[PDB]
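Asker: Residue numbers (the entry's author numbering), protein chains in the order written: chain i, 2 to 57; chain V, 1 to 120; chain S, 1 to 122.
Quick one: structure below, then a few questions.
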Amino acid sequence: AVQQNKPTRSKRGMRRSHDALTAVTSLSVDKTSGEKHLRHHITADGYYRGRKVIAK
Amino acid sequence: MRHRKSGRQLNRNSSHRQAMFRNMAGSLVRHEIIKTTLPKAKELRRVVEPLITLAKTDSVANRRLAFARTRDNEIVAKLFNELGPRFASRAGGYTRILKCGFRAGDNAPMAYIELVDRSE
Amino acid sequence: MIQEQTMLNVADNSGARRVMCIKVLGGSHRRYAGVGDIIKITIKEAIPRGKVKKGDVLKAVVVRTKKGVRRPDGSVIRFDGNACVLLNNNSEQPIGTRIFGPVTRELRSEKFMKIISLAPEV
RNA sequence: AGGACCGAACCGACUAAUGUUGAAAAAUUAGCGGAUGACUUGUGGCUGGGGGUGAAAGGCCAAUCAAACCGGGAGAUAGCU
RNA sequence: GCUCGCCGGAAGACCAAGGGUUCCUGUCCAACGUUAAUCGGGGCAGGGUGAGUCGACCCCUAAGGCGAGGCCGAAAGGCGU
RNA sequence: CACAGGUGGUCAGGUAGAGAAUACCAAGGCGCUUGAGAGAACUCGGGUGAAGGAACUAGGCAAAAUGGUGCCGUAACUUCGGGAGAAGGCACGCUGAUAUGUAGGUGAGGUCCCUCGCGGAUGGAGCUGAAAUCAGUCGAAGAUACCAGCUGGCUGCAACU
RNA sequence: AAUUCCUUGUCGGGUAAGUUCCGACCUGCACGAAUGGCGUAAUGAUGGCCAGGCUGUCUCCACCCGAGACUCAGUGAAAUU
RNA sequence: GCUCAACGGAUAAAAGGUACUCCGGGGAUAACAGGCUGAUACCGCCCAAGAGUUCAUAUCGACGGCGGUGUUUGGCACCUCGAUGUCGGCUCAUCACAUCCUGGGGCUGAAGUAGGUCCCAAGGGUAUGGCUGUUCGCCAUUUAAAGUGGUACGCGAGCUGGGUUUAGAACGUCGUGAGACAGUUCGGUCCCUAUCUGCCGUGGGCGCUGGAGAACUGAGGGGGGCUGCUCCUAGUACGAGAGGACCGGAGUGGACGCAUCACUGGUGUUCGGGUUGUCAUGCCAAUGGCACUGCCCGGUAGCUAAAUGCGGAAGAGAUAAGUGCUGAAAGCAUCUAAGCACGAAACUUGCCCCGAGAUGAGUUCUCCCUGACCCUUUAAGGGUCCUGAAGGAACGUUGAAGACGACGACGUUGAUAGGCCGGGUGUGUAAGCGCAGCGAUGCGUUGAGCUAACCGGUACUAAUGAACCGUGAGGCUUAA
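Here it is as structure tokens:
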């Protein structure tokens, strides 16, 4: 249920070795607007694959 | 065990699921563009596209089926008067899902669902 | 599909009306007696002044089941009740003379020929 | 008529599951007993610790009871750890 | 704002008790809110509670309390007209 | 503690219902201050289940089951009250006729009388309204949902509440 | 026997099989007459036994619906050492 | 002047209960389990009076003797009292062999069937119920068999809580009583979110010496190994009969295991229908919400057992007890000393699965990269520019794959998912309308309407031009 011995800094770090975050590999550039966006996601201005399909 | 099954539970019982998709289909037919979660849009496809397909042949029986599945006479009227004639030459694919980032409150993936020719 | 503790009707004129299976004969840990399988039974109801009497312990053969038999083409014959035919312990011949209700060809073995001969159907 | 019967409110607490660093220092759900009476309940009052009260279980007397709590004798005493 | 769902002898309305500004408006989001918060019973500021008839006070008394003289008791004090 | 608990009194709509039960609703008020996915083991709360039917287990624990109204029928024993809703059996929706709403309740006009009106017999309009027989009829099922006794036998103890 | 050690006493009933139960017996270790004896209809969230019905209790588990478990974002304990 | 006698004499003067209990201690000291021992227990052997129809040793074996185990009852007080939860049951097991069944064999008071006893053998298998808290035991009915023991009398941070071992109460008995009883009776709270070891699964990293994609060898590891009945040989051998085989062959079962969904079914709150009450969509008609999916009736795909396929082997090698052949020591005799031949479910293989982190990191096939300059502690060195291949990864649509990783399919050179069309399956004749009937309702249009996961098709929607990681011929020595 509970420890008998305090685990160490070392074992803490080894357990945390798989906690690293994977940064975004590469952002896609819009062909019309040239904005950077996540692939298959629309741009902040509302573009996607060169077309402005967003009301705003 | 989920082998060859269809439909997402979406962490709801079946009654809440039916009511939610009824409301959401009404909203999509009304506005022609709605922001929702990605899996919800994936299921709204299956809810809304059969309804528009039903709205092709204009008959009293189809009107009553649509009203049974929608419970909104304005939505039924818009379907049979506008979206039937609009999509009458299209074999399915009346809708379009565009992924649009994540929700601030809970990091849920977000998608716009649109009717393929809304012109707004 | 007959287990221990299950009640069976009697399809013969030996006297017993209802009997209870108390051991499924065959091998060890054997679970079920189907049609054509020998069971050990105790008589729970019997007509007065019959060949057998209440409380007797003897052998029987299952001749009808609700679970039914499967035929080689894949058909199933089910019955509305489970019935058996009483037998002597040490000779395995039927106690009674008449057989009531239909039977199946699963009893087409050299030992149950006397049941098949006097059965009204099949 | 009834310390009568079935049964809500209300008063209780027989069984089971849950929960047991609980939602809760005693509860929840499903069932369960009484339910015009020796009933239940509000407001105020009285009984005080070798005392009270007790259809009596050593029960209850502010989550404390084979002798409450607070302060004192008091740094009791401890051939023991 | 529109749909959807729940309570409806209550999860609705109003009192007593208890609380004390939580009430309404403007503003702010450090901390508090088991998350975010533009919101809040949170911080800051200002406002809001109008009685011959409602309640209290008041006049009357119940259980009980206190109790001039009094009886009683080492003192304290107990009982009582 | 912004805590599944406790906290006296008043108000008491509609439909069905004996009902303040229960179901769905009105007025009114809320979705309970983390969410989004996924749809493993296992745990918790439920649904269904072939054949068998207590073989489980310390034990039918827990579950399943019964469950309503009317009529009929109702044992041992008994303190003559009971036991008793003993056990057990039958019927049950909807439509029409009897009878454009029957039996019954209320009762306008109008007649009449009057120690006199807020008046007593007549009258029956309107409104409300069981229950039953017959005939038909739909369903697998008519107490259809919620709600709603399991029954019997032998025995110890304690009269009983 | 809520009382009996030997004891699962003996015989019978009920079960295929009954240390339990029911009835009879009497060698009552160690009943007994208001610390009452023996019966007793009715009552019981009372102990024991048997039967009809019912069933996932079980043979022997299968499938399904929800809440967790698992992953993602936010906040963020504990015993122990 | 002391039975101050507990005799170095507490006081002149003193008994009990606590299960209502308390506090300081002690593993200095009992109960559990462990430890030492092994009287006792169990097993084994030595002698042979005797039993066994004659006959000590087929089978037993008195009087006495010697060991083994650690296994019963005990002995000791070594660990634990600043806590090592007790009996039985359930779930899950694991070893031993002193073998219960199945295999091999010697003897037999072995004619045959059936047995007894001893030796070898631990691969697999190895009851269900009534009674009782039971372990045992008795009984019923089975089976090839229902083995004996160890594992904290295995197994409560896995379940239970019937029994023992609290607090309530009662009977018998004892006691003046409080109470008590290795008597009986009814009732009576079982916490823990797993850090480490272990174990079952599944990933990330690096390594394997230039990188990458596949396909393997197989060192090593795991799984599996049970058996009944019937018929033929054969009513033969044997036997006075009664009975009745060895060896060999065939079929058909029980339990267990793997796979699967064609069948029979279960489930199927995502499909269709019936129906109760109520609210609603202005109303009729029709639908929807809610009441456990309201309650029910069926039922697709998937999952699934009760359903249906398959399996345990044969064979080989080396052997156990055992049987021998030849054969001396020891002219004979002798299975043994040399040499040779058989011999079991046990061992190694053969059967299935994992398997190169097998750091001893293996093998095979294919693919890819073939540019210039500077620098200095000259080396398997550092740096700038060009180049960025094979491939991978990431992202997306996703799966009969999956907790998450992972694994498989697909991304416009496209059937990967949704939709759509056609079919199929399921439910069972929609709505609207017409006709008949007073009406409920019935008939026709109509096997209609609707239909999830299925089958065959179809780019309608969504799977993006890109970017990202991965380099630029790959060390030394010797030898051919």
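Note that beta-carbon positions come from the ideal geometry of N, C-alpha and C, so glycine has one too.
(1) Which of the three DSSP states, helix, strand or coil, is assigned to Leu8 of chain S?
(2) Just grab the DSSP bridge partners of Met110 of chain V for me.
(3) Taking only the alpha-carbon atoms, compute the straight-line gap between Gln93 of chain S and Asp73 of chain S and give it to the nearest angstrom.
(4) Assuming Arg30 of chain V is part of the beta strand (DSSP E), what are its boundary residues?
(5) Is the separation between the beta-carbon of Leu25 of chain S and that of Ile38 of chain S shorter than 8 Å?
(6) What are the uninterrupted segments assigned as alpha helix (DSSP H) that are 4 or more residues long and contained completely in the stretch 11 to 65 of chain S, given in chain order?
(7) Report buried or exposed for residue 126 of chain S, applying the criterion of at least 16 other Cβ atoms within 10 angstroms of its Cβ.
(8) Taking 7 Å as the limit between beta carbons, can you name the residues of its chain near residue 91 of chain i, skipping five residues before and five after?
(9) List, in chain order, every chain V residue whose beta-carbon is nearer than 8 Å to that of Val25 of chain i.
(10) According to DSSP, simplified to helix, strand and coil, what is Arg70 of chain S?
(11) Below 8 Å on the Cβ atoms is my guess for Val47 of chain V versus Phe21 of chain V; work out the distance and round it to an integer in Å.
(12) Any C-beta of chain i within less than 8 Å: which residues of the stretch 28 to 56 of chain V qualify?
(13) Short of 6 Å in beta carbon distance, which residues of its chain neighbour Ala55 of chain V, apart from the five on each side in sequence? Order them along the chain.
(14) DSSP puts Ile99 of chain S in a beta bridge; with which residues?
(15) Which whole-angstrom value is the C-beta distance of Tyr94 of chain V and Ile52 of chain V, which I expect to be below 8 Å?
(16) Is it right to say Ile22 of chain S is buried, meaning 16 or more other beta carbons lie within 10 angstroms of its own, or is it exposed?
(17) Identify, in the order they occur along the chain, each residue of the same chain with its Cβ nearer than 8 Å to the Cβ of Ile77 of chain S, setting aside the five sequence neighbours on each side.
(18) Hey, would you say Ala46 of chain S sits closer than 8 Å to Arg64 of chain S, going by beta carbons?
(19) Work out the CA separation of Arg69 of chain V and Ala77 of chain V for me, nearest whole Å.
(20) Could you give the DSSP three-state label for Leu10 of chain V: helix, strand or coil?
(21) Please classify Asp12 of chain S: is it buried, with 16 or more other beta-carbons within 10 angstroms of its beta-carbon, or exposed?
(22) Which residues does DSSP pair with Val122 of chain S in a beta bridge?
Answerer: In short, the structure shows the following:
(1) Here residue 8 of chain S corresponds to residue number 8 of the third sequence, with the count starting at 1. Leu8 of chain S: strand per DSSP, three-state reduction.
(2) Locating residue 110 of chain V in the second sequence gives position 110, counting from the first residue. According to DSSP, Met110 of chain V bridges with V:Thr37.
(3) Sequence index remark: in the third sequence, residue 93 of chain S carries index 93 (1-based). Sequence index remark: in the third sequence, residue 73 of chain S carries index 73 (1-based). Using only the alpha carbons, I get a separation of about 32 Å.
(4) For the purposes of this step, residue 30 of chain V is identified with residue 30 of the second sequence, where counting begins at 1. Segment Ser14 to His31 is the alpha helix (DSSP H) holding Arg30 of chain V; no beta strand (DSSP E) there.
(5) The sequence position of residue 25 of chain S within the third sequence is 25, counting from 1. The sequence position of residue 38 of chain S within the third sequence is 38, counting from 1. Yes. Within cutoff.
(6) none
(7) Only positions 1 to 122 of chain S appear in the structure, and residue 126 of chain S is not among them; the question remains open.
(8) The shown model of chain i, from 2 to 57, leaves out residue 91 of chain i, and the question about it has no answer.
(9) Position 24 of the first sequence, counting from 1, holds the residue named residue 25 of chain i. Simply none; closest approach about 13 Å.
(10) Translated into positions along the third sequence, residue 70 of chain S becomes position 70. Note: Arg70 of chain S maps to strand in three-state DSSP.
(11) By one-based count along the second sequence, residue 47 of chain V stands at place 47. By one-based count along the second sequence, residue 21 of chain V stands at place 21. So it is a contact: roughly 4 Å between Cβ atoms.
(12) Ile33
(13) Within the second sequence, numbered from 1, the residue matching residue 55 of chain V stands at position 55. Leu79, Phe80, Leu83 and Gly84, listed in sequence order.
(14) Here residue 99 of chain S refers to the residue found at position 99 of the third sequence. Paired residue(s): S:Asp12.
(15) Here residue 94 of chain V is taken as the residue at index 94 of the second sequence, counted from 1. Here residue 52 of chain V is taken as the residue at index 52 of the second sequence, counted from 1. Indeed, because the Cβ distance is near 5 Å, the residues count as touching under 8 Å.
(16) Numbered from its first residue, the third sequence carries residue 22 of chain S at position 22. When all chains shown are included, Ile22 of chain S counts as exposed.
(17) By 1-based counting over the third sequence, the position of residue 77 of chain S is 77. The residues are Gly68, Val69, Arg71 and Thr104.
(18) Taking the third sequence and counting its residues from 1, one reaches residue 46 of chain S at position 46. Taking the third sequence and counting its residues from 1, one reaches residue 64 of chain S at position 64. Result no, Cβ atoms of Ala46 of chain S and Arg64 of chain S do not sit closer than 8 Å.
(19) Against the second sequence, residue 77 of chain V aligns to sequence position 77. Against the second sequence, residue 69 of chain V aligns to sequence position 69. In a straight line, the C-alpha of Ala77 of chain V is about 13 Å away from that of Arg69 of chain V.
(20) What you label residue 10 of chain V is simply residue 10 of the second sequence in a count that begins at 1. Coil.
(21) As a position in the third sequence, residue 12 of chain S is number 12, starting the count at 1. By the 10 Å Cβ count, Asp12 of chain S comes out buried.
(22) Here the question's residue 122 of chain S lines up with position 122 in the third sequence. Answer is none; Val122 of chain S lacks a bridge partner.
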